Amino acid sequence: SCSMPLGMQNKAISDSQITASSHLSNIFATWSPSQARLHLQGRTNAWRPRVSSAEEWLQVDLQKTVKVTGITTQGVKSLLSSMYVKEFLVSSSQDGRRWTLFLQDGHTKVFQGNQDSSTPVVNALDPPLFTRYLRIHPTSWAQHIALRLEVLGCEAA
């Protein structure tokens, strides 16, 4: 049903394929883009931008055209409790330079994301994307932006 994980949880998507607008890093911690993997545990187990604004994004380069049918999101809990993205936008690209915002009924689609730190939330993409690159744009969050992600889809051919 073209809904299988594309490699965030299982590392078929390598660390170098995951980038972001910024990430939170200092002399203690590193919430790197490549930590944005569904169900990841261990230290600093999510992507966090350096500051939480509505201009941040997490990018995945799938390295080939894929039929992308869904996106799964999760937050994270740290010492300062629960952080999660409540709402987000999606954009996509074939070349990584020109980006197309995902729409519903001709208007920007706001996806409803998480309401806690650990439960995964699956969002279908209808119409599906035939694309190489994806960006997640947080627009509402609890405490701070933090994300663990899976991308769902299949090889079109």
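Note that residue numbering begins at 1 and tracks the sequence as displayed.
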The stretch whose C-alpha atoms carry the larger average B-factor in the entry, 142-150 or 19-27, is 19-27
If you average the CA temperature factors as listed in the entry, which stretch comes out higher, 109-117 or 32-40?
109-117
I'd like to know which of 68, 51, 89, 62 has the highest C-alpha temperature factor in the PDB entry.
51
Where does the C-alpha B-factor of residue 74 rank in its chain, lowest, middle or highest third?
lowest
Lowest, middle or highest third of the chain for the C-alpha temperature factor of residue 122?
middle
Pull the Cα B-factor of residue 156 out of the PDB entry and bin it into the chain's lowest, middle or highest third.
highest
Quick check on the deposited entry: does the C-alpha B-factor of residue 8 sit in the lowest, middle or highest third of its chain?
lowest
Quick one: classify residue 85 as lowest, middle or highest third of the chain based on its Cα B-factor.
lowest
